[PDB]
Amino acid sequence: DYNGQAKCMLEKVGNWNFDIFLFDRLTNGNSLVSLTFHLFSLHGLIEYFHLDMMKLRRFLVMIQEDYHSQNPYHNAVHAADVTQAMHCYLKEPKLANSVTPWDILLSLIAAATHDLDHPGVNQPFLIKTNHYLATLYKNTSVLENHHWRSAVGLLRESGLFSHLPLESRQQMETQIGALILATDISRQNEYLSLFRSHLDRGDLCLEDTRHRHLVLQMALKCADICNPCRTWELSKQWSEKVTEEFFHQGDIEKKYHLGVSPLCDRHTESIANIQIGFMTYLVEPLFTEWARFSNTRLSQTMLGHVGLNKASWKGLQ
Ligand SMILES: CC(C)Cn1c(=O)n(C)c(=O)c2nc[nH]c21
Ligand SMILES: [Mg+2]
Ligand SMILES: [Zn+2]
């Protein structure tokens, strides 16, 4: 019954107003698997790459179950949301007319696995508490490298692409890594500045693989922080969840005298100001540049929502 209602929702998987929260409830927590499998079929990837559907479901389940459902924000639903957004971006004219099945395959896998096995705390926390991951990745994009190598592990274990040449599997791992690493927010200035420069010069050639993947990396960055670009009813829920996670880290830091990280103090930092600052300094700059690249109704709709939602938070003051 609810399963049948889930199928109908997927008919509008391309809508910016898709409700991932409802979709996950109807599928009993199977949103990432159900949505991603559907997108693989929709984009013809199963046929294009001669995929074994049994291995595909196993791979997707491995990913989904390796997310910590106990995290209020960084869980499989966030991953499914990012994947759904990435799908909407792949439908944008400039990408739709240039991406290959291989690019779509990598983009969706990257989106689905970009926060894999996230512990619910940030890089600075891992570094100051001497977590083994901080040592392993030399305090550099610690979380993102962890998500990437975790994804590589699942790719190899599932054998989903065992029929393709070794070189292809190795390239897949590298390109997915480039996509996942671009989601390290601490490096947004580097990616945004580069994207902005290319747009200023107007020299982006989408038939060039390197230029196209820079665009895909920017698309995934957009997908990762597009919560404020969704309609208020969805955006509001995302804001409460991410703040809940931040404040929980802050509670740990306070309890163990670790020093409270920025945006994590529930006693001195307002959820309203956290959201407003995030929208003003990180979201709007990125989506404004994205709008220059893809000057469509979707880009204007997303910017419109940030403006409204931003105003709503200021109003709640
Ligand atoms: C820290 C990182 C998850 C980026 N980030 C953030 O800083 N704020 C404030 C958000 O609301 C938010 N929502 C998604 N990502 C977010
Ligand atoms: Mg991340
Ligand atoms: Zn994310």
# chains A, B, ... in the order shown; residues from 1 in each chain; ligands from 1

call {"tool": "residues_around", "arguments": {"residues": "stretch 15-18 of chain A", "least_positions_apart": "5", "cutoff": "10 Å", "atoms": "only C-alpha atoms", "output": "MDAnalysis selection string"}}
result
chainID A and resid 9:10 23 81 84:85 87:89 229:231 233:234 298 301:302

call {"tool": "residues_near_ligand", "arguments": {"ligand": "ligand 3", "cutoff": "12 Å", "atoms": "only C-alpha atoms and all ligand atoms", "output": "PyMOL selection string"}}
result
chain A and resi 67+73-83+85-86+110-118+120+122+143-144+147+179-185+220-227+238+242

call {"tool": "closest_residue", "arguments": {"among": "A:160, A:216, A:192, A:63", "to": "residue A:282", "atoms": "only C-alpha atoms"}}
result
A:192

call {"tool": "residues_around", "arguments": {"residues": "residue A:30", "least_positions_apart": "3", "cutoff": "9 Å", "atoms": "only C-alpha atoms", "output": "MDAnalysis selection string"}}
result
chainID A and resid 23:27 33:35 61 64 76:77

call {"tool": "select_by_dssp", "arguments": {"residues": "stretch 256-316 of chain A", "states": "alpha helix (DSSP H)", "output": "ChimeraX atom specification"}}
result
/A:271-278,284-293,297-315

call {"tool": "closest_residue", "arguments": {"among": "A:56, A:239, A:5, A:141", "to": "residue A:22", "atoms": "only C-alpha atoms"}}
result
A:5

call {"tool": "closest_residue", "arguments": {"among": "A:169, A:257, A:310, A:163", "to": "residue A:129", "atoms": "only C-alpha atoms"}}
result
A:257
